[PDB]
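J.: just the structure for this:
(chains A, B, C, D, E, F, G, H, I, J, K, L, M and N, ligands or ions: 2)
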Amino acid sequence: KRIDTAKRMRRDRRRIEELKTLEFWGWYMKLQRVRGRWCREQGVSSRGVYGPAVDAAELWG
Amino acid sequence: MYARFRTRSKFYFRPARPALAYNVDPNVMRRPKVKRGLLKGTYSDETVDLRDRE
Amino acid sequence: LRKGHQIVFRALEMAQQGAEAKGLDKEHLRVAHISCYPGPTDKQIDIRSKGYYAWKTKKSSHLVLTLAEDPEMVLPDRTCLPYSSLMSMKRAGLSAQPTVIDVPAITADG
Amino acid sequence: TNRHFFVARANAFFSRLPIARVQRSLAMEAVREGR
Amino acid sequence: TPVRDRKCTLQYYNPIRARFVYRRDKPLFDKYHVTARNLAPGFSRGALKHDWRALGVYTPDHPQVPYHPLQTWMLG
Amino acid sequence: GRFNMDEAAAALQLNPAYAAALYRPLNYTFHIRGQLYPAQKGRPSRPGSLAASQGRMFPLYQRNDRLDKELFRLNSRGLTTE
Amino acid sequence: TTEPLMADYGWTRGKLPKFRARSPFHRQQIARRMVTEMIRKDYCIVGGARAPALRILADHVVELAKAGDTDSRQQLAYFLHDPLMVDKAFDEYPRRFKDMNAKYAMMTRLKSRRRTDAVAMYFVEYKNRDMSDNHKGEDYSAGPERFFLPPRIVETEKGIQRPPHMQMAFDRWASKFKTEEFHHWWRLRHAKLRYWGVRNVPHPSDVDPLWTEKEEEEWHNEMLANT
Amino acid sequence: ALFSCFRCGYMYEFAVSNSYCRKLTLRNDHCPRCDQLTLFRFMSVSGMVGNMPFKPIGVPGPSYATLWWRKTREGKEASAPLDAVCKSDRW
Amino acid sequence: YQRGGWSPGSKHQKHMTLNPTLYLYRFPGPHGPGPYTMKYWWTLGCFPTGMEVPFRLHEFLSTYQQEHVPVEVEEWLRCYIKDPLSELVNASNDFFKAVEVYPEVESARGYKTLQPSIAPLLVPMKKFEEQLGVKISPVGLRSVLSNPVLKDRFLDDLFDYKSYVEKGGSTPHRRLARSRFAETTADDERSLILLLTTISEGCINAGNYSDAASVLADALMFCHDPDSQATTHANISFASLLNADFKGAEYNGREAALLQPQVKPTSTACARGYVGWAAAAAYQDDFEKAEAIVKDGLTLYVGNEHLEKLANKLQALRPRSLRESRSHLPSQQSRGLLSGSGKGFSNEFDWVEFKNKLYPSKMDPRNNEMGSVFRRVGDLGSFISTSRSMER
Amino acid sequence: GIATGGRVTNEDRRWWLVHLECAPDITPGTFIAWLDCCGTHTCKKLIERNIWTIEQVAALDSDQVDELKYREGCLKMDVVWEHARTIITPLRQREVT
Amino acid sequence: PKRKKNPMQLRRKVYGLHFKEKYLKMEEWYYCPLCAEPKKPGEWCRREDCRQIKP
Amino acid sequence: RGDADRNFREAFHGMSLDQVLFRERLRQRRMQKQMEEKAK
RNA sequence: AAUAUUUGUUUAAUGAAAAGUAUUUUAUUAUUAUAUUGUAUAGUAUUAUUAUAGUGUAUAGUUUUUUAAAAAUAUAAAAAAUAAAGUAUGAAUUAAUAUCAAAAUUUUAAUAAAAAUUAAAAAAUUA
RNA sequence: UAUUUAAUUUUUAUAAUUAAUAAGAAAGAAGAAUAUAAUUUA
Ligand SMILES: [Zn+2]
Ligand SMILES: [Zn+2]
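T.: Residues are numbered from 1 along each chain as shown, chains lettered A, B, ... in the order given. Ligands and ions are numbered 1, 2, ... in the order given. Okay, here it is:
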């Protein structure tokens, strides 16, 4: 019985840690879609002090 | 360097005070009842003890 | 940064409250007497290897502090600033000379 | 030795003389004679 | 004795405050930068008691400011 | 839209009391020896203060014998031959 | 090693000061968490030889984020304990610092020292914060109330708004302290500290919670007052 | 480091710094072949991230595994079909 | 082996096989048992070794035994409490008798003489004070007994208070009785507000500003007439101006200005109130506001020498973020010397206040910074709070 | 050329003209990054101005140079500009034959 | 230590410049023009004014 | 809130909040004296 | 002895019957069982280097280790890593001594810090 | 730890009339620390 208890206990914690993880990644990708959304109106390139022509060059990227 | 500190000798040598025989202070029946601290010149207003609960 | 100095601070402050409670004047107070004499003591085990031990003694002292009023006193000025403070403040827009404003003495006609 | 002449240094004033310029100068005099 | 308190030493020469005169502080400031903060023109190594200006100190290649009498609140 | 361990259990059919007991030490749920800190142990009432029971100040870390019986110790009627 | 992140810690002038740690590994780990934390909230109060080191590193992160490059990003991402902070860096700092090249962080030596040990405390901020998007009108003179609450705002500046994706993260991380198992963690921590004993740590019967619902409903109240 | 999904065994690779050390053995990531968040394991070690001064950058040498994986992909055989498009040093 | 006494407090080195002893952690020494074991005594409940038997008898006799009083007795006690009217008569009388015989200071030449202490005065004044409901500075009183003029005023105003209370009743006690179950300030109350104003006025000469400002509060507590109200409000403005309370100065300052319609033409009060309201604006650094105010004062009061002085001063003196940053006056230096943050203590790196208990700065509820316990809190087995890889 | 303080002296032009033939293959169309004191940041800001070429940098009006070095912020720009101004013509001459 | 030291031995240390320096010495200070607190020049307040203009 | 107030104080002719309220309550009290002298 | 020591900025000690001490205020079935009885931290004088062992199992990161130069010691590659002004805590060996005993020469019953002669040793701190 | 040597007592404008084989306002980082005595900086 304590064998089966020991395994049953380690199984479902593995289960809910995955629930944690999936929901986490979900929320973080939501976050990133929010950031991607907000960076557009503000006009944030997040490619630095340079204008678009700089990575257009593609020598520097 | 500006201050002046010279070491006190009472810290080097501190013999305990003479104990009483049969709890008799030899001069009780001679001297006055004035608190010794007073005549010594020892006095205070607040005595703040840090061994108190407060 | 010394511990003693902090202890003496607590003492100073309390005796200052007391000396103002007695009717004296804060600004003309000065330390008349500061001394310290040995107080009670506690003890502690220090266990040393191979079945040895010694007694660590935790010491404690009594402190005696007397504040006295001294009318003749004149205090050195601490309101002087380093040149740096002066012109940094100038560049900030602050006045380097603090504002005095004349205040009419309190009087009762009613 | 704690004396003044020995302790004080001229580092702060080096911009008054153009070390780089003179090094290149004697490199010119290095190739001119062919070393 | 009169109380042992030192008078103001802030404006005398100090060897550890003298180090900061020519030191570069651009990172210690944000809005308020001044040309050289610790350096007082004409006065020796920052200290106001030690003023040299409009005496004859011969300094061919460096600038020197003229003399205006200092106020009482800048010394002590 | 968070994790919320209770509604995480309700989805997995795990009996929410149990799921929580997965994530705190075995000491605080099931009858098993383990480190206890003397400040948890609780204190009788002083003149200034009230009494302090470790029941009140640590509801969650108190042992649950429902789980203890259903998990660790054996049933008698499972073994009976009579 | 002239590259503007990877650091050399000596006492010679070519190198930035080596603050006391266990092993150059441990040192690097410390540096990383100071940088992480300073990017998260703009100021870092820091003791010892760490402070100049922290300033220089900060300047290096801003320099990287200015470079605005994929290799730059990925190099910063190697270095930080927080991935999201890389994003906050490359989003924010380029607008912020576009007009200045040099010395982006301001170190300030504090007149108070740790009582723990004589070591001196420094206050390290990023410089001009009025161009900062999410740090705009903040006032660090004193701390906030409960440390999971959004920091103070200058009176004239009350009604400012911040990037949605940052306050999302912040509220997420905040919401685990309104839970009960945190309160249990709090009491039990008191107990633990007392056992190791650190003086002036109240008995866990006296420890009443950091967060209640009343304090909360007024906190949210003034939080939307600031919005 | 080399990482392969548990279920579909899809392979990919990236550097792991001193900060990500707890994630070296198991990663969670989005798998392109089976589309969802999955679990990746560490088969083989490749290279460092940082380096010490006056020392070569490329000698915590990647294993024979990772190099075999970079021969199989990105080799003469692997590149030969794609070159009719690009010959990657070219645009 | 065994280089010191066999007592288990003794100085030098011992051995366990020779001089065996059990393990005592902190055991009170040969004299005094001191601060440390006592700390244990007041928190843990006994000395930390657990050997010592807790003996609380003497403090039990001092606290619980003393307050024991049986219901039948304490039910009847409040029937025998002293009569307040008689109390005021007595306290006033002997307070006065004690002040009249306080010697006049001998004025020396070349050095200031120490004013003879008030030891004996503190006893009557303490009872007089709490009979009345107002607290008085000892300092201000001493300063009052220095100046001949002030000692005169104080003396006779006291005398009148005495007389009006003996022939009549105590008006604040009347107005207290009619309150829980509207008229102009009575004669005795006038006497009172006058003597309190005098003692506060002396309290300024000595340079305790906080105390003068505190005393005039209780002073206005007694004035129900408009003019006394104006004057006293103004005085509180000037006392809180020196004490560097600008909010209180800018409050009490404008009350005196509000009261101008119902106050007689013979009052300097409202003008003063204006002055204070203005100055309190000026020390908080807004000079437009200041000039506006003084402009209104010279609008209403035409020529006024005080408002003239402030007109000329503001005229002579001629950023929102930097306002009231400056320390301009000395009393906040004095208050800055206490209640300040020092190197090594009383800063945020030493002990911190939380809900009236002391914490180490390690665990500080307002700060999550480096070394704080809250950095190590973990995720508490629920959800992932942050995207941080390594720490948290 | 590189570490020169302030003005660019003629003895210093000489250094440049000398090191012109130290490198055998160069066309007036050569990419910017071969220049003295041309950094990554300096190059980038030049590129978004559509300038890839030593000729193009020797074509600058010098009030482009300053606001390139002040409002924009490439330091030591005047050094690369001056270096170009120097070198451009001998490149054309070695270009013809 | 081969021998017990007498009171003079103990006092000899306090003649030293080291001992004086460490223990008995007075600090120079002035009043912060912002804080009205006592202050040593070169150390500052965590405050928005003290950090900008450091006085 | 900065420009909010910069709008507020310039609607009031360069007054502040306290000067506005002070003026107001002053008027209400002078009109209380008016009610007084009209009633008495 | 203003000495040594201590110094709490980041955890896979998962598990734990054999410990024979530690006010659980009511720790607690909902049982399927019947009565009765009993569940959390003290081995080695310590909250020690850190226990012994029988269970059973593998992604709960299961969350107390000061510091702003250099010799020499210890590890590892004379380089590298660590440790020494420091705030606070505070032992142990030792102790016939005068504010100390430095240099040389001879003698004296055996080193002679004993004599006698000539002489020229400042204080503090560190190695 | 006593003696004994070696070093130090934290810029001394400067050193040698002889012995033996040398000392001006003061302590944080000596660096505002990534070798510029500010690389332009809000
Ligand atoms: Zn897959
Ligand atoms: Zn300040």
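J.: counting contacts, what elements does the longest helix seen in chain A pack onto?
T.: What stands out as the longest helix in chain A, according to DSSP state H, is helix A:2-42. In terms of contacts (3 or more C-beta pairs under 8 Å, 6 or more residues apart in numbering or on different chains; DSSP states H and E), helix A:2-42 is packed against helix F:5-12, helix F:16-22, helix G:83-97, helix G:164-174, strand H:36-44. C-beta: built from backbone N, CA, C; applies to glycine.
J.: how close does the residue nearest to residue I:260 when sequence neighbours are not counted sit to residue B:23?
T.: Nearest residue to residue I:260, sequence neighbours excluded (C-beta to C-beta, 6 or more residues apart in numbering or on different chains): residue I:270, at 4.1 Å. Residue I:270 sits 77 Å away from residue B:23, going by C-beta to C-beta, to the nearest Å.
J.: and if you look at residue I:282?
T.: In terms of C-beta to C-beta, residue I:282 sits 73 Å off from residue B:23.
J.: the more surrounded of these two?
T.: residue I:282 (24 against 6; other C-beta atoms under 10 Å in any protein chain shown).
J.: after the helix or strand harbouring the residue nearest to residue I:260 comes which helix or strand?
T.: Using DSSP states H and E, the element containing residue I:270 is helix I:269-282. Counting by DSSP H and E, the next helix or strand C-terminal to helix I:269-282 is helix I:287-300.
J.: after that following helix, which helix or strand is next?
T.: In N-to-C order, the element after helix I:287-300 by DSSP H and E is helix I:305-317.
J.: ok, then the element right after that next one?
T.: Helix I:305-317 is succeeded, C-terminally, by helix I:331-337 (DSSP H and E).
J.: and that following helix, C-alpha only, in CSV?
T.: Extracted as CSV, the C-alpha positions of helix I:331-337 are listed here (Å, rounded to 0.1, in the frame of the first residue of the first chain):
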residue,chain,number,x,y,z
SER,I,331,14.0,75.4,15.1
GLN,I,332,13.9,72.7,12.4
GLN,I,333,17.7,72.4,12.8
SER,I,334,17.0,71.9,16.5
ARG,I,335,14.3,69.3,15.6
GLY,I,336,16.6,67.9,13.0
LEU,I,337,19.2,67.1,15.5
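J.: quick one: it near ligand 2?
T.: No. Helix I:331-337 lies out of reach of ligand 2 by C-beta under 5 Å from the ion, never closer than 9.5 Å.
J.: does chain C sit close to that helix?
T.: Yes. Using C-beta under 8 Å from any C-beta of the partner chain, helix I:331-337 reaches chain C at I:333, I:334.
J.: report the buried residues of that helix.
T.: Residues of helix I:331-337 classed as buried by neighbour count (16 or more other C-beta atoms under 10 Å in any protein chain shown): I:331, I:332, I:333, I:334, I:335, I:336.
J.: wouldn't the third one be in contact with residue K:39 here?
T.: No. Using C-beta atoms under 8 Å, residue I:333 is not in contact with residue K:39, being 11.2 Å away.
J.: quick revisit: so which of the helices and strands packed on helix A:2-42 comes closest to residue K:14?
T.: With respect to residue K:14, and counting by C-beta to C-beta, the nearest of the helices and strands packed on helix A:2-42 is helix G:83-97 at 54.5 Å.
J.: just the CA atoms of that closest one, as CSV, please.
T.: Extracted in CSV, the C-alpha atoms of helix G:83-97 (Å, rounded to 0.1, in the frame of the first residue of the first chain):
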residue,chain,number,x,y,z
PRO,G,83,13.9,37.2,-19.7
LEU,G,84,11.1,39.7,-19.5
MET,G,85,13.5,42.4,-18.2
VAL,G,86,15.5,42.1,-21.5
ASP,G,87,12.4,43.2,-23.2
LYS,G,88,11.7,46.0,-20.8
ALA,G,89,15.3,47.2,-21.4
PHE,G,90,15.2,47.2,-25.1
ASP,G,91,11.8,48.8,-25.2
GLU,G,92,12.5,51.5,-22.7
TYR,G,93,16.1,52.6,-22.6
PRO,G,94,16.6,53.6,-26.3
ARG,G,95,13.8,56.3,-26.1
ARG,G,96,15.1,57.3,-22.7
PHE,G,97,18.8,57.7,-23.4
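J.: picking up where we left off before, residues that sit against both of residue I:333 and residue K:39, list them.
T.: residue K:31 (C-beta atoms under 8 Å, 6 or more residues apart in numbering or on different chains).
J.: could you export the buried residues of helix I:331-337 as JSON lines, including distance to residue A:55?
T.: Output for the buried residues of helix I:331-337, formatted as JSON lines (distance: C-beta to C-beta, whole Å):
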{"residue": "I:331", "distance to residue A:55": "62"}
{"residue": "I:332", "distance to residue A:55": "57"}
{"residue": "I:333", "distance to residue A:55": "58"}
{"residue": "I:334", "distance to residue A:55": "62"}
{"residue": "I:335", "distance to residue A:55": "59"}
{"residue": "I:336", "distance to residue A:55": "55"}
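J.: so where does residue C:36 fall, helix or strand?
T.: Going by DSSP H and E, residue C:36 is in strand C:29-48.
J.: what does chain C put close to chain B?
T.: C:14, C:15, C:18, C:22, C:37, C:38, C:40, C:64.
J.: redo that, cut-off 7 Å
T.: C:14, C:18, C:38 (C-beta under 7 Å from any C-beta of the partner chain).
J.: wasn't the first one part of a strand?
T.: No. With DSSP: H, G, I helix; E, B strand; the rest coil as the criterion, residue C:14 is helix rather than part of a strand.
J.: that one and residue I:338, how far apart?
T.: 11 Å.
J.: how many residues are close by the nearest residue to residue F:33 once chain neighbours are set aside?
T.: Excluding the flanking residues, the one nearest residue F:33 by C-beta to C-beta, 6+ apart is residue F:27, at 7.7 Å. Residues lying near residue F:27 (other C-beta under 10 Å) number 14.
J.: residue F:27 reaches residue F:34, doesn't it?
T.: Yes. In terms of C-beta atoms under 7 Å, residue F:27 counts as a neighbour of residue F:34; the distance is 3.0 Å.
J.: all strands of chain G, in order?
T.: Using DSSP state E, the strands of chain G run over G:44-47, G:105-113, G:120-126.
J.: so which of these comes closest to residue I:104?
T.: Here strand G:105-113 is closest among the strands of chain G (C-beta to C-beta), at 48.7 Å.
J.: buried ones in that closest one, by neighbour count?
T.: G:105, G:106, G:107, G:108, G:110, G:111, G:112, G:113.
J.: what's that strand packed up against?
T.: Applying 3 or more C-beta pairs under 7 Å, 6 or more residues apart in numbering or on different chains; DSSP states H and E, one finds that strand G:105-113 contacts helix G:50-67, strand G:120-126.
J.: for chain L, what's the nearest residue on the stretch 1-150 of chain I?
T.: residue I:134 (28.9 Å; C-beta to the nearest C-beta).
J.: measure the residue nearest to residue F:33 to chain E for me?
T.: Distance of residue F:27 to chain E, given as C-beta to the nearest C-beta, to the nearest Å: 52 Å.
J.: which residue packs closest to the residue in chain F that chain L sits nearest to, ignoring adjacent ones?
T.: At 32.4 Å from chain L, residue F:1 is the closest residue in chain F, using C-beta to the nearest C-beta. Nearest residue to residue F:1 in three dimensions, chain neighbours excluded: residue A:27, at 7.1 Å (C-beta to C-beta, 6+ apart).
J.: ok, now which ones touch the nearest residue to residue G:31 once chain neighbours are set aside?
T.: Using C-beta to C-beta, 6+ apart and skipping the chain neighbours, the partner closest in space to residue G:31 is residue G:57 (6.1 Å). Listed by C-beta atoms under 7 Å, 6 or more residues apart in numbering or on different chains, the contact set of residue G:57 reads G:7, G:31, G:35.
J.: and the buried ones among the residues you listed, selectable in PyMOL?
T.: In PyMOL, a selection of the buried entries from the contacts of residue G:57 looks like this (16+ other C-beta under 10 Å):
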select buried, chain G and resi 7+31+35
